[PDB]
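Peer 1: Just so it is clear, I am handing over protein.txt, which has compact mmCIF, C-alpha atoms and all ligand atoms.
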```txt
# COMPACT_ATOMS: atom_id res chain seq x y z
CA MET A 1 8.80 -23.44 -39.86
CA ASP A 2 5.83 -25.32 -38.33
CA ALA A 3 4.74 -26.15 -34.75
CA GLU A 4 7.19 -29.06 -34.34
CA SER A 5 10.35 -27.24 -35.50
CA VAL A 6 9.32 -24.10 -33.57
CA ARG A 7 9.03 -26.21 -30.40
CA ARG A 8 12.47 -27.68 -31.06
CA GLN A 9 14.31 -24.43 -31.91
CA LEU A 10 12.87 -22.34 -29.06
CA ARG A 11 13.55 -25.15 -26.51
CA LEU A 12 9.88 -25.30 -25.50
CA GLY A 13 8.60 -28.07 -23.22
CA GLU A 14 5.94 -30.59 -24.17
CA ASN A 15 3.35 -28.54 -22.33
CA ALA A 16 3.59 -25.83 -25.01
CA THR A 17 2.15 -28.33 -27.57
CA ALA A 18 -1.53 -27.32 -27.42
CA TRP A 19 -0.77 -23.61 -27.63
CA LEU A 20 1.57 -24.18 -30.60
CA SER A 21 -1.17 -26.28 -32.26
CA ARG A 22 -3.59 -23.34 -31.89
CA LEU A 23 -1.03 -20.91 -33.35
CA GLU A 24 -0.24 -23.19 -36.30
CA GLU A 25 -3.96 -23.42 -37.18
CA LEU A 26 -4.45 -19.61 -37.04
CA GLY A 27 -1.54 -18.92 -39.40
CA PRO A 28 -0.19 -15.39 -40.10
CA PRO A 29 -2.38 -12.33 -39.27
CA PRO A 30 -4.41 -10.65 -42.06
CA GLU A 31 -2.44 -7.49 -41.16
CA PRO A 32 1.33 -7.96 -41.46
CA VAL A 33 3.34 -7.60 -38.21
CA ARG A 34 5.25 -4.36 -37.97
CA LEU A 35 7.58 -3.80 -34.99
CA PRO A 36 8.97 -0.25 -34.38
CA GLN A 37 12.76 0.03 -34.79
CA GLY A 38 15.62 2.31 -33.73
CA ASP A 39 14.44 5.63 -32.29
CA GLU A 40 10.75 5.05 -33.09
CA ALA A 41 11.04 2.04 -30.71
CA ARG A 42 12.93 4.06 -28.01
CA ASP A 43 10.21 6.77 -28.17
CA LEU A 44 7.27 4.36 -27.94
CA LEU A 45 8.89 2.30 -25.15
CA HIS A 46 9.60 5.47 -23.12
CA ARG A 47 5.99 6.49 -23.53
CA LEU A 48 5.11 2.98 -22.25
CA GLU A 49 7.33 3.73 -19.21
CA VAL A 50 9.82 0.92 -19.84
CA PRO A 51 13.01 1.58 -17.80
CA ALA A 52 16.22 2.62 -19.67
CA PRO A 53 18.44 -0.48 -19.31
CA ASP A 54 15.61 -2.57 -20.80
CA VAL A 55 14.76 -0.13 -23.58
CA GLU A 56 18.20 -0.58 -25.16
CA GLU A 57 18.11 -4.39 -24.81
CA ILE A 58 14.58 -4.56 -26.29
CA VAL A 59 15.56 -2.31 -29.18
CA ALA A 60 18.81 -4.26 -29.93
CA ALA A 61 17.01 -7.61 -29.83
CA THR A 62 14.01 -6.72 -32.04
CA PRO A 63 13.41 -9.97 -34.03
CA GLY A 64 12.82 -10.12 -37.82
CA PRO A 65 11.41 -12.74 -40.30
CA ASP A 66 14.85 -13.67 -41.77
CA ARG A 67 16.98 -13.10 -38.60
CA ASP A 68 14.67 -15.01 -36.21
CA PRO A 69 12.51 -17.46 -38.27
CA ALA A 70 11.19 -19.52 -35.35
CA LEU A 71 10.48 -16.61 -33.00
CA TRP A 72 8.95 -14.64 -35.89
CA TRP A 73 6.58 -17.57 -36.70
CA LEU A 74 5.55 -17.54 -33.05
CA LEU A 75 5.13 -13.71 -32.80
CA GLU A 76 3.03 -13.60 -35.95
CA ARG A 77 0.62 -16.29 -34.78
CA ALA A 78 0.54 -15.13 -31.12
CA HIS A 79 -0.40 -11.63 -32.36
CA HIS A 80 -3.05 -13.17 -34.58
CA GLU A 81 -4.56 -14.99 -31.58
CA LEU A 82 -4.95 -11.59 -29.81
CA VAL A 83 -6.63 -9.69 -32.65
CA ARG A 84 -8.98 -12.62 -33.39
CA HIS A 85 -10.87 -12.20 -30.04
CA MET A 86 -9.98 -8.57 -29.48
CA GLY A 87 -12.23 -7.07 -26.84
CA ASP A 88 -14.32 -10.17 -26.33
CA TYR A 89 -14.65 -10.96 -22.62
CA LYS A 90 -16.71 -14.15 -23.26
CA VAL A 91 -13.66 -16.04 -24.64
CA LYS A 92 -10.70 -17.11 -22.53
CA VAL A 93 -7.41 -16.31 -24.25
CA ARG A 94 -4.30 -17.58 -22.57
CA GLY A 95 -1.35 -15.91 -24.29
CA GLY A 96 1.82 -17.94 -24.39
CA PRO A 97 3.96 -18.92 -21.41
CA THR A 98 7.22 -17.16 -20.58
CA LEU A 99 9.67 -18.58 -23.17
CA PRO A 100 13.02 -20.28 -22.38
CA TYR A 101 15.64 -17.54 -22.08
CA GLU A 102 18.66 -19.59 -23.33
CA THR A 103 17.55 -18.81 -26.89
CA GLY A 104 18.45 -15.08 -26.44
CA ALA A 105 16.98 -11.69 -25.54
CA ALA A 106 14.20 -11.78 -28.22
CA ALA A 107 12.75 -14.81 -26.39
CA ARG A 108 13.20 -13.12 -23.03
CA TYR A 109 11.23 -10.04 -24.24
CA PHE A 110 8.78 -12.02 -26.48
CA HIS A 111 5.67 -10.50 -24.86
CA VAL A 112 6.97 -6.99 -25.35
CA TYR A 113 7.11 -7.77 -29.07
CA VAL A 114 3.60 -9.30 -29.04
CA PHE A 115 2.47 -6.15 -27.13
CA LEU A 116 4.04 -3.68 -29.60
CA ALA A 117 2.81 -5.70 -32.65
CA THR A 118 -0.77 -5.61 -31.29
CA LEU A 119 -0.88 -1.87 -30.36
CA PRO A 120 -2.48 -0.69 -33.63
CA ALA A 121 -5.31 -3.27 -33.32
CA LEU A 122 -5.71 -2.44 -29.64
CA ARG A 123 -5.94 1.26 -30.45
CA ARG A 124 -8.40 0.60 -33.25
CA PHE A 125 -10.60 -1.26 -30.70
CA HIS A 126 -10.30 1.57 -28.14
CA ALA A 127 -11.37 4.15 -30.81
CA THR A 128 -14.47 2.16 -31.82
CA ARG A 129 -15.43 2.29 -28.11
CA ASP A 130 -14.57 6.04 -27.86
CA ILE A 131 -12.02 5.39 -25.10
CA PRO A 132 -10.40 8.76 -24.40
CA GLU A 133 -6.77 9.06 -25.61
CA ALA A 134 -5.46 9.67 -22.05
CA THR A 135 -7.01 6.51 -20.61
CA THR A 136 -5.56 4.41 -23.47
CA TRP A 137 -2.04 5.82 -22.71
CA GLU A 138 -2.32 5.40 -18.95
CA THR A 139 -3.62 1.85 -19.46
CA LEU A 140 -0.79 0.94 -21.84
CA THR A 141 1.90 1.91 -19.25
CA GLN A 142 1.33 -1.50 -17.62
CA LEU A 143 4.00 -2.69 -20.11
CA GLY A 144 6.69 -0.57 -18.29
CA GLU A 145 5.53 -2.05 -14.97
CA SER A 146 5.70 -5.65 -16.17
CA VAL A 147 9.27 -5.11 -17.40
CA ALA A 148 10.32 -3.16 -14.26
CA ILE A 149 8.94 -5.79 -11.89
CA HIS A 150 10.82 -8.56 -13.71
CA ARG A 151 14.15 -6.77 -13.40
CA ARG A 152 13.38 -5.86 -9.77
CA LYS A 153 12.57 -9.45 -8.83
CA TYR A 154 15.28 -11.32 -10.87
CA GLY A 155 18.00 -8.75 -11.63
CA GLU A 156 17.55 -9.57 -15.33
CA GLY A 157 15.27 -8.69 -18.28
CA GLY A 158 11.76 -9.93 -18.89
CA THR A 159 8.03 -9.43 -18.47
CA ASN A 160 6.29 -10.27 -15.21
CA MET A 161 2.86 -11.93 -15.49
CA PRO A 162 2.37 -11.96 -19.27
CA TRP A 163 -1.24 -13.24 -18.89
CA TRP A 164 -2.05 -9.75 -17.57
CA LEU A 165 -0.36 -7.92 -20.48
CA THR A 166 -2.30 -10.31 -22.80
CA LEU A 167 -5.64 -9.47 -21.21
CA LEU A 168 -4.84 -5.71 -21.31
CA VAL A 169 -3.71 -5.68 -24.94
CA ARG A 170 -6.89 -7.58 -25.88
CA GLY A 171 -8.87 -4.48 -24.75
CA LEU A 172 -10.13 -6.03 -21.49
CA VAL A 173 -8.25 -3.99 -18.83
CA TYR A 174 -8.61 -0.22 -18.21
CA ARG A 175 -6.65 1.89 -15.79
CA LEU A 176 -8.74 4.71 -14.36
CA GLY A 177 -6.57 6.99 -12.22
CA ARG A 178 -4.89 4.81 -9.59
CA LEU A 179 -6.79 1.55 -10.15
CA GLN A 180 -7.19 -1.06 -12.91
CA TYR A 181 -10.41 -2.89 -13.82
CA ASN A 182 -10.85 -5.93 -16.01
CA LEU A 183 -14.09 -6.93 -17.67
CA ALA A 184 -14.64 -10.44 -16.27
CA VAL A 185 -17.44 -12.98 -15.78
CA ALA A 186 -17.97 -14.82 -12.43
CA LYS A 187 -18.51 -18.61 -11.95
CA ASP A 188 -22.28 -18.25 -12.60
CA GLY A 189 -21.74 -16.29 -15.84
CA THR A 190 -22.77 -12.88 -14.47
CA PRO A 191 -20.59 -9.88 -15.49
CA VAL A 192 -18.11 -8.61 -12.84
CA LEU A 193 -15.18 -6.13 -12.65
CA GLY A 194 -11.85 -7.58 -11.56
CA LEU A 195 -10.18 -4.82 -9.53
CA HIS A 196 -6.34 -4.63 -9.40
CA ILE A 197 -3.97 -2.21 -7.63
CA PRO A 198 -0.87 -1.70 -9.73
CA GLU A 199 2.46 -0.95 -8.15
CA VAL A 200 3.16 2.26 -10.11
CA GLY A 201 1.27 5.26 -8.71
CA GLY A 202 2.33 5.63 -5.05
CA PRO A 203 0.45 5.10 -1.75
CA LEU A 204 -3.27 4.44 -1.89
CA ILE A 205 -4.54 7.67 -0.31
CA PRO A 206 -8.36 7.61 0.10
CA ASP A 207 -8.84 10.50 -2.38
CA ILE A 208 -7.19 8.68 -5.26
CA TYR A 209 -8.90 5.38 -4.36
CA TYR A 210 -12.42 6.87 -4.28
CA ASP A 211 -11.94 9.10 -7.25
CA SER A 212 -11.15 5.97 -9.33
CA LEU A 213 -13.85 3.77 -7.75
CA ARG A 214 -16.58 6.44 -8.49
CA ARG A 215 -15.57 6.65 -12.17
CA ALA A 216 -15.73 2.85 -12.83
CA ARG A 217 -19.50 2.32 -13.20
CA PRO A 218 -20.16 5.21 -15.53
CA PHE A 219 -16.98 4.60 -17.55
CA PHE A 220 -17.98 1.02 -18.36
CA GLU A 221 -21.61 2.00 -18.95
CA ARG A 222 -20.49 4.66 -21.40
CA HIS A 223 -17.98 2.42 -23.23
CA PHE A 224 -19.08 -1.20 -22.60
CA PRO A 225 -22.86 -1.01 -22.05
CA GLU A 226 -23.06 -4.75 -23.07
CA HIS A 227 -21.03 -5.86 -20.07
CA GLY A 228 -23.20 -4.48 -17.25
CA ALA A 229 -21.20 -5.27 -14.08
CA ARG A 230 -22.53 -4.03 -10.71
CA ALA A 231 -19.94 -5.64 -8.41
CA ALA A 232 -16.12 -5.78 -8.25
CA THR A 233 -13.98 -8.69 -7.02
CA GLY A 234 -10.42 -9.24 -5.88
CA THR A 235 -8.34 -11.71 -3.95
CA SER A 236 -5.30 -10.46 -2.05
CA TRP A 237 -2.92 -10.44 0.90
CA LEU A 238 -4.34 -6.93 1.49
CA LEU A 239 -7.59 -8.41 2.79
CA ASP A 240 -6.03 -10.66 5.48
CA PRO A 241 -7.56 -9.69 8.87
CA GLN A 242 -4.10 -10.27 10.52
CA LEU A 243 -2.75 -7.02 9.03
CA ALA A 244 -4.74 -5.21 11.76
CA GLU A 245 -2.35 -6.77 14.29
CA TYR A 246 0.59 -4.88 12.77
CA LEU A 247 -0.38 -1.78 10.84
CA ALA A 248 -1.04 1.60 12.38
CA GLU A 249 -4.50 3.05 12.94
CA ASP A 250 -4.31 5.49 10.01
CA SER A 251 -3.32 2.75 7.46
CA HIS A 252 -4.88 3.35 4.04
CA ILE A 253 -5.21 -0.47 3.68
CA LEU A 254 -7.09 -0.89 6.98
CA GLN A 255 -9.38 2.03 6.31
CA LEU A 256 -10.15 1.33 2.63
CA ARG A 257 -10.76 -2.41 2.92
CA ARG A 258 -13.72 -1.79 5.31
CA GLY A 259 -15.69 -1.07 2.11
CA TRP A 260 -15.14 -4.66 1.01
CA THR A 261 -17.12 -7.71 2.01
CA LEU A 262 -15.06 -10.87 2.69
CA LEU A 263 -16.16 -14.11 1.04
CA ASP A 264 -16.07 -17.12 3.39
CA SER A 265 -14.11 -19.92 1.74
CA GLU A 266 -11.37 -22.51 2.33
CA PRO A 267 -8.04 -21.10 3.61
CA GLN A 268 -5.80 -19.52 0.92
CA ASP A 269 -2.07 -19.63 1.69
CA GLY A 270 -0.53 -16.18 1.41
CA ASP A 271 3.14 -16.39 2.37
CA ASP A 272 4.31 -16.46 -1.28
CA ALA A 273 1.95 -13.71 -2.33
CA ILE A 274 2.78 -11.28 0.51
CA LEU A 275 6.51 -11.86 0.01
CA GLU A 276 5.88 -11.22 -3.67
CA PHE A 277 4.03 -7.94 -3.37
CA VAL A 278 5.93 -6.58 -0.37
CA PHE A 279 9.49 -7.62 -1.40
CA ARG A 280 9.30 -9.02 -4.94
CA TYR A 281 10.84 -11.94 -3.14
CA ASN A 282 13.30 -14.25 -4.86
CA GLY A 283 14.29 -16.92 -2.28
CA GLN A 284 16.86 -14.83 -0.32
CA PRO A 285 17.27 -15.42 3.44
CA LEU A 286 14.57 -13.59 5.40
CA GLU A 287 17.09 -11.65 7.55
CA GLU A 288 18.54 -10.22 4.34
CA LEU A 289 15.25 -8.46 3.37
CA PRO A 290 14.80 -4.68 3.75
CA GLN A 291 13.23 -3.66 7.09
CA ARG A 292 12.22 0.03 6.64
CA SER A 293 8.41 0.13 6.66
CA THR A 294 6.23 -1.19 9.44
CA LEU A 295 4.80 -3.66 6.91
CA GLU A 296 8.28 -5.00 5.92
CA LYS A 297 9.04 -5.48 9.64
CA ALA A 298 5.62 -7.16 10.17
CA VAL A 299 5.91 -9.59 7.26
CA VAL A 300 9.36 -10.84 8.39
CA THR A 301 8.64 -10.90 12.13
CA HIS A 302 5.38 -12.84 11.58
CA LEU A 303 7.08 -15.44 9.37
CA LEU A 304 10.19 -15.76 11.62
CA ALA A 305 7.83 -16.37 14.57
CA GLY A 306 6.50 -19.47 12.71
CA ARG A 307 3.14 -17.81 11.85
CA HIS A 308 1.37 -17.50 8.45
CA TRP A 309 -0.19 -15.04 6.03
CA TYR A 310 -3.44 -15.56 4.11
CA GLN A 311 -5.02 -14.18 0.95
CA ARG A 312 -8.74 -13.41 1.09
CA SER A 313 -11.33 -12.97 -1.64
CA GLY A 314 -13.66 -10.03 -1.40
CA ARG A 315 -16.34 -8.04 -3.28
CA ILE A 316 -17.80 -4.55 -3.57
CA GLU A 317 -21.31 -3.48 -4.94
CA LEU A 318 -20.34 -0.34 -7.00
CA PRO A 319 -21.02 3.38 -6.36
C1 LIG B 401 -7.36 -1.31 0.34
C2 LIG B 401 -8.78 -1.58 -0.16
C3 LIG B 401 -8.71 -2.38 -1.44
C4 LIG B 401 -8.52 -3.84 -1.08
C5 LIG B 401 -9.01 -4.68 -2.24
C6 LIG B 401 -7.85 -5.45 -2.83
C7 LIG B 401 -8.44 -6.52 -3.74
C8 LIG B 401 -8.02 -6.21 -5.16
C9 LIG B 401 -7.05 -7.27 -5.65
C10 LIG B 401 -5.69 -6.64 -5.95
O1 LIG B 401 -5.58 -5.49 -6.40
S1 LIG B 401 -4.34 -7.71 -5.64
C11 LIG B 401 -2.88 -6.63 -6.00
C12 LIG B 401 -2.65 -5.58 -4.92
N1 LIG B 401 -1.53 -4.74 -5.38
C13 LIG B 401 -0.38 -4.61 -4.69
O2 LIG B 401 -0.16 -5.13 -3.60
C14 LIG B 401 0.68 -3.70 -5.36
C15 LIG B 401 1.84 -3.43 -4.39
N2 LIG B 401 1.34 -2.83 -3.13
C16 LIG B 401 1.41 -1.49 -2.99
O3 LIG B 401 1.87 -0.75 -3.87
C17 LIG B 401 0.93 -0.92 -1.65
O4 LIG B 401 0.76 -1.97 -0.67
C18 LIG B 401 -0.36 -0.08 -1.77
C19 LIG B 401 -0.18 1.16 -2.64
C20 LIG B 401 -1.47 -0.92 -2.38
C21 LIG B 401 -0.79 0.37 -0.37
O5 LIG B 401 0.26 1.14 0.17
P1 LIG B 401 0.01 2.33 1.22
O6 LIG B 401 1.34 2.86 1.64
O7 LIG B 401 -1.00 3.28 0.71
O8 LIG B 401 -0.63 1.43 2.39
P2 LIG B 401 -0.77 1.80 3.94
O9 LIG B 401 -1.19 3.20 4.20
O10 LIG B 401 -1.83 0.78 4.52
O11 LIG B 401 0.59 1.30 4.63
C22 LIG B 401 0.85 1.38 6.01
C23 LIG B 401 2.28 0.89 6.24
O12 LIG B 401 2.68 -0.29 5.43
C24 LIG B 401 3.73 0.06 4.52
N3 LIG B 401 3.50 -0.58 3.20
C25 LIG B 401 2.31 -0.75 2.59
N4 LIG B 401 2.53 -1.39 1.44
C26 LIG B 401 3.84 -1.67 1.36
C27 LIG B 401 4.59 -2.31 0.43
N5 LIG B 401 3.96 -2.79 -0.64
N6 LIG B 401 5.92 -2.46 0.53
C28 LIG B 401 6.67 -1.96 1.69
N7 LIG B 401 5.74 -1.34 2.66
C29 LIG B 401 4.43 -1.17 2.45
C30 LIG B 401 3.61 1.56 4.42
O13 LIG B 401 4.82 2.09 3.93
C31 LIG B 401 3.29 1.95 5.86
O14 LIG B 401 4.43 1.77 6.71
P3 LIG B 401 5.10 3.07 7.40
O15 LIG B 401 4.17 4.05 7.97
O16 LIG B 401 6.19 2.45 8.43
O17 LIG B 401 5.82 3.76 6.17
NA NA B 402 -10.52 -18.80 -31.00
```
What is this file in structure tokens?
Ligand SMILES: CCCCCCCCCC(=O)SCCNC(=O)CCNC(=O)[C@H](O)C(C)(C)COP(=O)(O)OP(=O)(O)OC[C@H]1O[C@@H](n2cnc3c(N)ncnc32)[C@H](O)[C@@H]1OP(=O)(O)O
Ligand code: NA
Peer 2:
Amino acid sequence: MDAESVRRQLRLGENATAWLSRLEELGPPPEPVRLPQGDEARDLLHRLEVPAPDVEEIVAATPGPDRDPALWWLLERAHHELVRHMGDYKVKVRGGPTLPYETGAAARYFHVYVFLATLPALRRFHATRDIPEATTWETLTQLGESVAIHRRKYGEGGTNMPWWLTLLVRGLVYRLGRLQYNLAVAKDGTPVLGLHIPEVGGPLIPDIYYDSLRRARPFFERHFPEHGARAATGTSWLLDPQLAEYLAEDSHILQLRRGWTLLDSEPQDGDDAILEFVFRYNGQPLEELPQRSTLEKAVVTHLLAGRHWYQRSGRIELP
């Protein structure tokens, strides 16, 4: 196998060329790839909060060097790419794209396999930084979420947003209680925390929001003193002023976002993104969508009335 035959066998488009070129140049990792198998796999994937229908598919499809030569070449070199700049927030590492699914379930779950392969390196990095065992495990559960969201959106197996799993398994995302933080750098090169609200964890009550937000600064000072971020950033449908037209006075979103300062910048279209995060939308007719919560009602009514949603970018300066 080489880059050209791997492209051909895995049905990859021409736009995969530069990533494959990078992988070919890296070659196999200095530490051989070991994927868990059988019940070791079941146990780990449960701990990672992967849902049951997927667990069995992922376990059954586990690739090997002789059974899946092209995918194995790819997994090996993709994994290598992640350990090579492990924990280094000054280098951009795009993982691969989502692979073509016609090649089978191993391709469909490729990023799960890259994730599992890279866990020992990730954990070695966490230990050198003295990351507590609990925060490593809570952070790693993003893998369950990625898988769950894919099946929820498409009704079939996969990983949602593999660039996020890639960043997390490179030691650059930490979940602290309800919230996730990534060690980023802004346009001007100054350190910043990217703040993300994952889906798993329930409603954003103020107590769980502030308990996380207060822990961020000293956590990253204790474990990543080199980084030095003082602000946090995020861009979201959640920061659209129009939500105040619809949501009730005691809304956690309306209350908690008052702590954020909105950046003024060119309009950012938010119909796709709100439909994504409110419905995990997949092109169905609007009248077919669930209409239980006041937000579900609001999103649909607003859109049906010929009006639009926006994303906004915001910042905090941290407590
Ligand atoms: C808020 C301050 C922080 C703002 C900074 C954000 C910038 C950071 C960048 C990001 O993190 S972008 C990714 C954001 N993540 C997501 O959107 C994940 C999916 N969203 C959710 O899980 C919820 O929207 C969330 C937990 C974040 C908030 O839910 P809450 O229920 O705590 O919100 P709230 O109290 O304001 O909701 C009021 C009404 O809207 C409903 N609602 C809110 N989110 C909903 C949702 N996602 N789907 C269906 N309904 C939702 C909620 O049920 C309720 O209706 P009812 O009283 O009729 O029940
Ligand atoms: Na490199």
Peer 1: Determine, using only C-alpha atoms and all ligand atoms, which residues of chain A have any atom at most 8 Å from an atom of ligand LIG 401 (chain B), and tabulate each with its shortest atom pair and distance in Å to one decimal place, rows ordered by chain and then rising number, as a Markdown table.
Peer 2:
```
| residue | atom | partner | partner_atom | distance |
| --- | --- | --- | --- | --- |
| A:194 | CA | B:LIG401 | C8 | 7.6 |
| A:195 | CA | B:LIG401 | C8 | 5.1 |
| A:196 | CA | B:LIG401 | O1 | 3.2 |
| A:197 | CA | B:LIG401 | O1 | 3.9 |
| A:198 | CA | B:LIG401 | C14 | 5.0 |
| A:199 | CA | B:LIG401 | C14 | 4.3 |
| A:200 | CA | B:LIG401 | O3 | 7.0 |
| A:201 | CA | B:LIG401 | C19 | 7.5 |
| A:202 | CA | B:LIG401 | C19 | 5.7 |
| A:203 | CA | B:LIG401 | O7 | 3.4 |
| A:204 | CA | B:LIG401 | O7 | 3.6 |
| A:205 | CA | B:LIG401 | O7 | 5.7 |
| A:233 | CA | B:LIG401 | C8 | 6.7 |
| A:234 | CA | B:LIG401 | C9 | 3.9 |
| A:235 | CA | B:LIG401 | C9 | 4.9 |
| A:236 | CA | B:LIG401 | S1 | 4.6 |
| A:237 | CA | B:LIG401 | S1 | 7.2 |
| A:238 | CA | B:LIG401 | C6 | 5.8 |
| A:239 | CA | B:LIG401 | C4 | 6.1 |
| A:247 | CA | B:LIG401 | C22 | 5.9 |
| A:248 | CA | B:LIG401 | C22 | 6.6 |
| A:250 | CA | B:LIG401 | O9 | 7.0 |
| A:251 | CA | B:LIG401 | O10 | 3.8 |
| A:252 | CA | B:LIG401 | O9 | 3.7 |
| A:253 | CA | B:LIG401 | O10 | 3.7 |
| A:254 | CA | B:LIG401 | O10 | 6.0 |
| A:255 | CA | B:LIG401 | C1 | 7.1 |
| A:256 | CA | B:LIG401 | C2 | 4.3 |
| A:257 | CA | B:LIG401 | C2 | 3.8 |
| A:258 | CA | B:LIG401 | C2 | 7.4 |
| A:259 | CA | B:LIG401 | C2 | 7.3 |
| A:260 | CA | B:LIG401 | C5 | 6.9 |
| A:274 | CA | B:LIG401 | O2 | 8.0 |
| A:277 | CA | B:LIG401 | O2 | 5.1 |
| A:278 | CA | B:LIG401 | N6 | 4.2 |
| A:279 | CA | B:LIG401 | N6 | 6.6 |
| A:292 | CA | B:LIG401 | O16 | 6.7 |
| A:293 | CA | B:LIG401 | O16 | 3.7 |
| A:294 | CA | B:LIG401 | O16 | 3.8 |
| A:295 | CA | B:LIG401 | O12 | 4.2 |
| A:296 | CA | B:LIG401 | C28 | 5.5 |
| A:313 | CA | B:LIG401 | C7 | 7.4 |
| A:314 | CA | B:LIG401 | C7 | 6.7 |
```
Peer 1: When distances are computed from all atoms listed in the file, which of A:183, A:176, A:45, A:168 shows the smallest separation from residue 212 of chain A?
Peer 2: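 Of A:183, A:176, A:45, A:168, the one nearest residue 212 of chain A, counting all atoms listed in the file, is A:176.
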Peer 1: Quick one: pull the distance between atom CA of residue 154 of chain A and atom CA of residue 280 of chain A, Å, one decimal.
Peer 2: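 Value for the atom CA of residue 154 of chain A-atom CA of residue 280 of chain A distance: 8.7 Å.
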Peer 1: Do a neighbour search on residue 75 of chain A at 8 Å with all atoms listed in the file, toss out local chain neighbours closer than 3 positions, and write the hits as a PDB file with C-alpha atoms, in the frame of the given file.
Peer 2:
```pdb
ATOM      1  CA  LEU A  71      10.480 -16.610 -33.000  1.00  0.00           C
ATOM      2  CA  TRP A  72       8.950 -14.640 -35.890  1.00  0.00           C
ATOM      3  CA  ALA A  78       0.540 -15.130 -31.120  1.00  0.00           C
ATOM      4  CA  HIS A  79      -0.400 -11.630 -32.360  1.00  0.00           C
ATOM      5  CA  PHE A 110       8.780 -12.020 -26.480  1.00  0.00           C
ATOM      6  CA  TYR A 113       7.110  -7.770 -29.070  1.00  0.00           C
ATOM      7  CA  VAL A 114       3.600  -9.300 -29.040  1.00  0.00           C
TER       8      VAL A 114
END
```
Peer 1: May I ask you to write as a VMD selection string all residues lying at most 8 Å from ligand NA 402 (chain B), with all atoms listed in the file counted?
Peer 2: chain A and resid 81 84 to 85 91 93
Peer 1: How many Å lie between atom CA of residue 125 of chain A and atom CA of residue 139 of chain A, rounded to one decimal?
Peer 2: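 These atoms are spaced 13.6 Å apart.
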Peer 1: Quick one: of A:297, A:8, A:227, A:42, who's nearest to residue 60 of chain A, counting only C-alpha atoms?
Peer 2: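 Checking each of A:297, A:8, A:227, A:42 against residue 60 of chain A, counting only C-alpha atoms, the winner is A:42.
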